[PDB]
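Peer 1: what shape does this take:
(16 chains, ligands or ions: 6)
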Amino acid sequence: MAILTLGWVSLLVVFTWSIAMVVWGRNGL
Amino acid sequence: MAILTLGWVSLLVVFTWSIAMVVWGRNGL
Amino acid sequence: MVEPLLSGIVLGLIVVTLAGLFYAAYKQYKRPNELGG
Amino acid sequence: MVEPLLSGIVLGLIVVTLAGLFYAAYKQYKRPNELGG
Amino acid sequence: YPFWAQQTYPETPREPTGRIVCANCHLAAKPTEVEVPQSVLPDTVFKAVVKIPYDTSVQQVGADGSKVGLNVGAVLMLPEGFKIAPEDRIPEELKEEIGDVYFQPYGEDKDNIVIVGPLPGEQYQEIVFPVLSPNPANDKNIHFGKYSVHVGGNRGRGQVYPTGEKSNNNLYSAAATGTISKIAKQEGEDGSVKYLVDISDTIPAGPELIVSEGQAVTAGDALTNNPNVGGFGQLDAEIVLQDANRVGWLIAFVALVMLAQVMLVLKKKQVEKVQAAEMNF
Amino acid sequence: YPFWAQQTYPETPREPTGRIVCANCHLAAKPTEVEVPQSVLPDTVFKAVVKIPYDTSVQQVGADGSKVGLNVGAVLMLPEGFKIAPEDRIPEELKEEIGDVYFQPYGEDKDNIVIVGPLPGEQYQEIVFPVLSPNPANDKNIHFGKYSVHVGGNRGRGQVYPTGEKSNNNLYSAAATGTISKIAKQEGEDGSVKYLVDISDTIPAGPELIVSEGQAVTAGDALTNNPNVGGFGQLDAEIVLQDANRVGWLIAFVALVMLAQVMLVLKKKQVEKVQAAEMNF
Amino acid sequence: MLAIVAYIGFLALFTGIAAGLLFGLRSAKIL
Amino acid sequence: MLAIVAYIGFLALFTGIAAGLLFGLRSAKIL
Amino acid sequence: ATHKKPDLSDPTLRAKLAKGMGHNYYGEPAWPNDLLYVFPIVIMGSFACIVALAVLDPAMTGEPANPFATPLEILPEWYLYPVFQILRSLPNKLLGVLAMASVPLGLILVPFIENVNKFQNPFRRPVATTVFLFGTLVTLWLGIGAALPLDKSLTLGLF
Amino acid sequence: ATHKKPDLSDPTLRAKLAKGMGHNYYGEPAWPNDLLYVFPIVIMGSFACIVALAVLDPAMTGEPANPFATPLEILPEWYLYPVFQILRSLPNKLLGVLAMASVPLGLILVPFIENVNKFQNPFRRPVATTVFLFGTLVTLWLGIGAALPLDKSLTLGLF
Amino acid sequence: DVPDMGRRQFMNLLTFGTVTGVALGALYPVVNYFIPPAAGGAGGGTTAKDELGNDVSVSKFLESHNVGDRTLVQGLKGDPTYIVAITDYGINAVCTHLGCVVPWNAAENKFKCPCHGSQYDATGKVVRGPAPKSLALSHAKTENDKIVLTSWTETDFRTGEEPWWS
Amino acid sequence: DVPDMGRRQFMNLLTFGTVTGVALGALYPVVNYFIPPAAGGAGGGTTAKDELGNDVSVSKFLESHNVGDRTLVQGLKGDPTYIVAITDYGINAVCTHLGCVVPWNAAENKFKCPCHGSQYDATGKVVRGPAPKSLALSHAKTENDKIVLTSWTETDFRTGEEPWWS
Amino acid sequence: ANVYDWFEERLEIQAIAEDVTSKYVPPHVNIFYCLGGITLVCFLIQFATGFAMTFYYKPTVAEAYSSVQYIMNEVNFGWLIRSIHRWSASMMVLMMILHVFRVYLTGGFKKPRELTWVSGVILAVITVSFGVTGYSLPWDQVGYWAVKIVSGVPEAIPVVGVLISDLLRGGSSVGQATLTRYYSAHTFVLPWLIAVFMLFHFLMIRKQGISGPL
Amino acid sequence: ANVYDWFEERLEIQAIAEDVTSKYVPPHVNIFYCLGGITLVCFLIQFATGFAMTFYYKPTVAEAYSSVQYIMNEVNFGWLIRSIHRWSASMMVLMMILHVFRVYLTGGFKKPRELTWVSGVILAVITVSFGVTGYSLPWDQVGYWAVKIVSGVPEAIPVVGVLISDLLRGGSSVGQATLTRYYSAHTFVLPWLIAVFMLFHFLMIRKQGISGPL
Amino acid sequence: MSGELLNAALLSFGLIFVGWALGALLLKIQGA
Amino acid sequence: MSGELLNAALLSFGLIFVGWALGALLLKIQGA
Ligand code: HEC
Ligand code: HEC
Ligand code: HEC
Ligand SMILES: CCCCCCCC
Ligand SMILES: CCCCCCCC
Ligand code: FES
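Peer 2: Numbering: from 1, shown residues only, chains lettered A, B, ... in the order given. Ligands and ions are numbered 1, 2, ... in the order given. And now the structure:
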């Protein structure tokens, strides 16, 4: 049942990472 | 049953007249 | 199903429109308008 | 029906976005950019 | 006959495919025409002409094998509510045009399905139907609109009896493969003329024998010709149950449109006058 | 009891409105909680905890009118395919957590509808259900997806018997309007304690008489208090029958998206280097 | 026959309307 | 607990990927 | 009639004329002479004719669909009569499909074929006009043929 | 980072700046820096989050509609919680309708009310910011109140 | 010689006035089209169906429901109407507060709405809850083994006032 | 120091290559979504219904249809299939020329299509008309008082060729 | 005050008016040059009436025919809206044909207007698709068999034929799925498609102006 | 030859490229200025998945619920398309709210951008209408009673209330007509309306540019 | 089905010329 | 219904700051 946890984790991570890449690409916001 | 005849006649007339008014308004075509 | 009224309208309008277009073309062919090229 | 996940996302994002906007506004208030009017 | 149609096919003379049941016994195809108004007003008597044309100088084969003139028959399937006009509602001229026609419904609660015939073909190549249109104003099941009309028209004797037995008005093929040696005549039961043909089979009078003295025929070849000179033909038509109010308002709207067009053109003329006077276009 | 629920309402413990039938006899409302996983894999044993909390130091009224501790009960409506896990499939720890619970189906072909209780309330305020999830791979009637779970939780003695007769665990109003003059005791049939009150009516032991020596009461006023300290509460939850493949492919897609984002940013960096070198932006 | 007269005069009528409105609005110093 | 590690290192992993691609493509005279 | 001659002293207009454009720079004013006054005449005329047809000859409602009974008559709308004819005349179904697809594709190819010359007038386009009249006559032939028995398709009930 | 200063010697730009426009004439190049490289990051991010939510928490299919059985719970979607609350709190239905209509109408009135000054920064707009925060808090209060019993609406289960 | 602004505006008024007339003439049938057609008046509406949309047989209905029994049927238009030894009037089950279907409680001799806690007596008049008005009534005229519900236009025998549903 | 066109194009290839990968990954489920789901395989498809969509009872069917009788049923997938003392094979009624349902004529011992005049014998092989192929066959295996039609994969006993419908 | 100046300062209406009044119509433009516009008019009619009928038509094998009858017999002016829809559909196709006659017989397809012609052909295919999909929505004999007799045509195509046919009829036979897909095509897909290509069409025409004199 | 020059000479791609590359992004534009765009993204998702579901969903009281179940259980990736539709609907409304937060807290609604704000409010009403109409299409308990409990609200309005309610639910009670009208609203009316007002929105933004720094 | 068809064709053909003639006449009585 | 809600709120609130921090870090290791 770890795959479920990794699923939700993947959601959180893609959210965090989207924000991070927008901040990086636009040079900080 | 003349009203039917006058109906079809009204179709023919509005067709003819549309053409006539376009010819008149655009000065002849 | 074949509709004679509609078919008649189609045929008639097609023929008269073609004839009209060739007439107009003939008019401009006979008397060329400005920039007629 | 009340959905706790969706509701949480709504509330959280609303609060953090409002706070973010006030932060940005505060930054420009402290340090006015060019044409800052 | 049409009453054989209503005998064998009681529910309806029209198959789900749209095919009229007369074609199950009348195997030859001849042209049938119809004349109905494009549109009719409610509670109005109008004329519906079923045309069943043929060559009167060309006669057919009677049951006994001799020539006879042929009779005409028809089935007229009208929209719901439509029915044969009451005689009190029929004008004298139309009465003159109709003649001695016996209009019958296909069954009860089927007044819109009329059967007619047999009639003397030499006097009834055109059958006139006095039809009364229904009225939506006093029947919630009747509405204004375009509806189908199904016509079946028939000439000459049929080919199949209701019992399933063939008639003499037929082409007779064969039975097996061999050599013809039975071209005689004579009878037994009734009168008329019969023919005995083996190679056993029997063919009635009427069809002309195209096989003479000793022929080496095969199974399927034609023993006789085809004496049939009649035929059946069906056709679809359309009729509009029209409302006078619709047409009236239509005429009004058309008049308004034409007036509006006139005003537009005249307005343009005024503007042309202004543009001629001024100079900013 | 829950078996009175399945006795009176055999088809289902859930009314079309979503109301659990226990509320027809248990008239007081107390909070009930549930703990189910957000999602489970197929053919997996998981835990479902029904919480029925109350004050243990507060005791209720027994049938004979004396104090007693109260028992807890519950009905758990699981999605189709779900059922109480086979004991061979239950881990030892979960076995320890469950205790002496007698899981019963509401009826045959209703294994997803489990009833439980009565249980000693002092030891079972949390009831643990060992549930086995179904598997779409070997049942065409089972599909992955989000489904409802309906929970009903109950404390203390009910108010209405299946026969329709009231219990002593009730508030007793009145009968008419006048003056109280019947505050006595005594009995006849069995033992216990009974009270005769007119103005005729009789009230059992349990409820405390709030009416003493000669009161001018009216029709509808309360003769006694409300001894009920229990109650019923229902709640809805949701569970996702999840497919591991869906999640795996999801993770892959997410990884690809993140990689793509990285490449886009790096590309922009390169372009920034070029724009720094050149000068046409 | 009826359709012919109805068509022709209508047409004739509305042409009368157009001309009458033309010379009418002209005489009314509008056109 | 598992969710925490999984979140942190992933994240840590992809940050390693981003930095490694940055300095990597830099050293490969592309960036 | 209001008219404006083309300003042949404007290089922008000349540049457009060289590219076959600029023909909206001269003539009668579009607004309001045509757009505001003449266009509504056309719109109202079209609408009135359509409405009149709709009232005098309303839409027909046939019989409910019957999957086990094929009607004696099966035809699409008129504008599909030619294609249909083709589809029911060619023994090879694939060839019929290709022929059907060839209509809009060939039409699409027309400008790239007739860009060999800049002539617009059909009387200066003898070959193109001939091909067009031929194709039109053939199209009408197929369309009329669609409503007839298959045995009389290449004849239309004539010779 | 690529940046372009505003050309304050261009009267067209100055004329736009005076009208509160022209703010797309300076700064970082839109193309390709933002449009081509950053926008797809946002699009893919949004899509990925939505897809992940869809997979991990799929749409639920309830029970068939029953016109004779009113469910114990009846709520619209979350974004209608405030209005709903209002609708179920006011005894006068007409007043509730008017209040409901007042939201987009008042919002529409906002620019014409705050055009009294050209300030954009909330810290230079104390009154407006105060009103906004108030309205937001009230909106959240109503929204949370919608999911609670009516008896605990003006309290939210607090005091 | 040249028409002034007054004449231009007047001509505009006439012309586009007529055109506007055409537009309205075209617009009337459309507007009426979107307005839903009448269901069918039979003295103010009749008949009463059940949950399957089938007509209710009185003889069969009374053999499935005892005395004092209340049962939802598809009354007027489609609204859930309470049928209550047949009763000469039917009670509308749609709440007056917001419109939830209110269930009946014989144990407390009153209708109790689960939405916001509105209560109606045995006849159906509001005694509690945020419900402002009383449940609507209908003439439950039984005939030819069918229940005919018609619009209650008589005096409300519960409040005395004219029916708020008119 | 400054990336040339080769490096820019290479970086473009990598970046937008990955993005393209994302797009394809998103596109696969959609494409598969629009492709209609499988009906349900039971040895190649089974069962046979009538015009009302009800399952055909063999015992009831044989008591309504005599010997040599031909009757259209909803065979495989929904196609009109001829049921012909039960026959071990069913004939597809959809024409091979263009797909009109061809009626049966016992008087001429053959199927005759009304559309363009195609003819098939008692078994259903083309003998006339523009129809290029023969009518499809299906295994009419009767069992548990129901007709089970399955896909004919054996040798066409009329032409000898492999079934054109495969 | 003055509201017009308010809307002018923001929308820049004056520029629009100048642009509109800067265009002229050359002498060679005759009445046939109306046909395209007339075609559009027909479509607009189709858009209106069509929309109207979505308020009563029901895309189910059980309900379709009955809903059409309901529109014709019970709905206020329903007969009118539907009949208008029929006739204006046929007229749209006819006027489109006549329009093609104009364009070809004036050589208006040549450089640089090739993309307008191509866009046009696409528009013709889309319009015919409207016709075909609509024709079968009443689910009467005519429409149903119009589908059945043409749904099997793409199967002639070697490798992707059966797939195409299945995608078109929503299965391997004509039924409810076919009706659903045809309705989606008819009231969602084709309106948007024809909107996009009409937009390209008109934008290109306005950009380039009408072709020159003959 | 060169195809690009061919398309360039006609479409004038160079002018488009110049116009696009003439725009710049000012320093004050931060991440919150993405929200509007994000909202659009959500809608595009709604447009795609929504369209997809019209190939299987059936707007009939008999078929609706079953068609939804069919989409969830039988259709390839149907569960995905529908779930995505749900979540992206909710996210569209949320992102729209956050976007309004941005606009108001940056004063971007003031002169001369009032019509962009008004257009925005209209867009919000339209979006919420999407939500309300879609919510009831499965014809489950939740959606059906969501309609029933709100369909009688406009009746509070004195003279035209009952008429409004009747127009909304297609009768004097909630039933099949209500579902039909809600489906037309949801898949025809609102998409076109929101297209028009989004168009005005975006055209006005592009015309005026983003508001100035704080 | 030839009568009504040919009639419709003939009418839709000639009414055009009737309208053309009427428009021309109006132009002549106008003085263009 | 308070646990999952508050959890979702907290996460959707703080992950923003985590991403902000990560982006800032990438910017610093970049050398912007
Ligand atoms: C992500 C980081 C961002 C940022 C910072 C911005 N956007 Fe958007 N954008 C989109 C559309 C349709 C418009 C209106 C039409 C148009 O302007 O051409 C905009 C507009 C803007 C602007 C103003 C532009 C100007 O000329 O001043 C700004 C400053 C802006 N946005 C910031 C569409 C999208 C989109 C998907 C379709 C996405 C993703 C974004 N935008 C993201 C962002
Ligand atoms: C096969 C070709 C073709 C088709 C089909 C076509 N167009 Fe056109 N159309 C053209 C071309 C090329 C022009 C420009 C010709 C010119 O500039 O002289 C044009 C011009 C027009 C015009 C302006 C001039 C005029 O003659 O009307 C309109 C309006 C128009 N089209 C609308 C439509 C609509 C609406 C449709 C279908 C729904 C359509 N067209 C279909 C090729 C086509
Ligand atoms: C109540 C107000 C409002 C609503 C609701 C609204 N808009 Fe906006 N939006 C604005 C205003 C005003 C601007 C311009 C502000 C500026 O220039 O700074 C804007 C800007 C935008 C922008 C560009 C800048 C940005 O911040 O994204 C986009 C894209 C956008 N809106 C899309 C949408 C979409 C899509 C919707 C709904 C479907 C929507 N908006 C709803 C008022 C609104
Ligand atoms: C058959 C009648 C034709 C009438 C034509 C009138 C115009 C030429
Ligand atoms: C309830 C868990 C909250 C975790 C928040 C982490 C980011 C602040
Ligand atoms: S379809 Fe059977 S013959 Fe043409």
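Peer 1: which strands and helices sit next to the longest helix along chain K?
Peer 2: Using DSSP state H to define each element, chain K has its longest helix at helix K:5-34. If you count contacts as 3 or more Cβ pairs under 8 Å, 6 or more residues apart in numbering or on different chains; DSSP states H and E, helix K:5-34 packs onto helix E:244-277, helix I:39-56, helix M:35-53, helix M:78-105. The way it works is simple: take the backbone N, C-alpha and C, and place the C-beta from them, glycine included.
Peer 1: could you pull up phi and psi at whichever residue of chain O sits closest to chain N?
Peer 2: Chain N sits closest to residue O:12 of chain O, with a gap of 34.5 Å, by Cβ to the nearest Cβ. Dihedral angles of residue O:12 (phi, psi; degrees, to the nearest 10) stand at phi -60, psi -20.
Peer 1: how close does it sit to ligand 5?
Peer 2: 77 Å (Cβ to the nearest ligand atom, to the nearest Å).
Peer 1: can you pull the contacts of that residue?
Peer 2: With contact taken as Cβ atoms under 8 Å, 6 or more residues apart in numbering or on different chains, residue O:12 is in contact with B:15, C:8-9, C:12-13, C:16.
Peer 1: same thing with residue O:23?
Peer 2: B:19-24, B:28-29.
Peer 1: ok, and the closest non-adjacent residue to it?
Peer 2: Leaving aside its chain neighbours, residue O:23 sits nearest to residue B:23 (2.6 Å; criterion: Cβ to Cβ, 6 or more residues apart in numbering or on different chains).
Peer 1: for the helix or strand where that neighbour lies, buried residues please.
Peer 2: Using DSSP states H and E, residue B:23 maps to helix B:2-25. Across helix B:2-25, burial judged by 16 or more other Cβ atoms under 10 Å in any protein chain shown covers B:3-4, B:6-25.
Peer 1: tilt between it and helix I:39-56?
Peer 2: Helix B:2-25 and helix I:39-56 are oriented at 160 degrees to each other (axes from the mean of the first three to the mean of the last three Cα atoms, to 10 degrees).
Peer 1: give me the distance between the residue of chain O closest to chain N and chain P.
Peer 2: To chain P, residue O:12 is 68 Å away according to Cβ to the nearest Cβ, to the nearest Å.
Peer 1: not counting its neighbours along the chain, what's nearest that residue?
Peer 2: residue C:12 (3.6 Å).
Peer 1: residue boundaries of the strands in chain I?
Peer 2: I:28-29 (DSSP state E).
Peer 1: and the residue of it nearest chain A?
Peer 2: residue I:12 (41.6 Å).
Peer 1: from chain H, how far off is that residue?
Peer 2: Residue I:12 is 46 Å from chain H, by Cβ to the nearest Cβ.
Peer 1: for the closest residue to ligand 3 within chain K, what are its contacts?
Peer 2: Proximity to ligand 3, evaluated over chain K using Cβ to the nearest ligand atom, is greatest for residue K:34 at 26.3 Å. Residues in contact with residue K:34 (Cβ under 8 Å, 6+ apart) are M:52, M:55, N:167.
Peer 1: please report the distance of it from residue N:167.
Peer 2: 6 Å (Cβ to Cβ, to the nearest Å).
Peer 1: likewise for residue I:39?
Peer 2: 33 Å.
Peer 1: again with residue O:24
Peer 2: 50 Å.
Peer 1: can you check residue I:41 too?
Peer 2: Taken as Cβ to Cβ, the span from residue I:41 to residue N:167 is 34 Å.
Peer 1: more neighbours, those two?
Peer 2: Remark: of residue I:41 and residue N:167, residue I:41 carries more neighbours, 26 against 16, as counted by other Cβ atoms under 10 Å in any protein chain shown.
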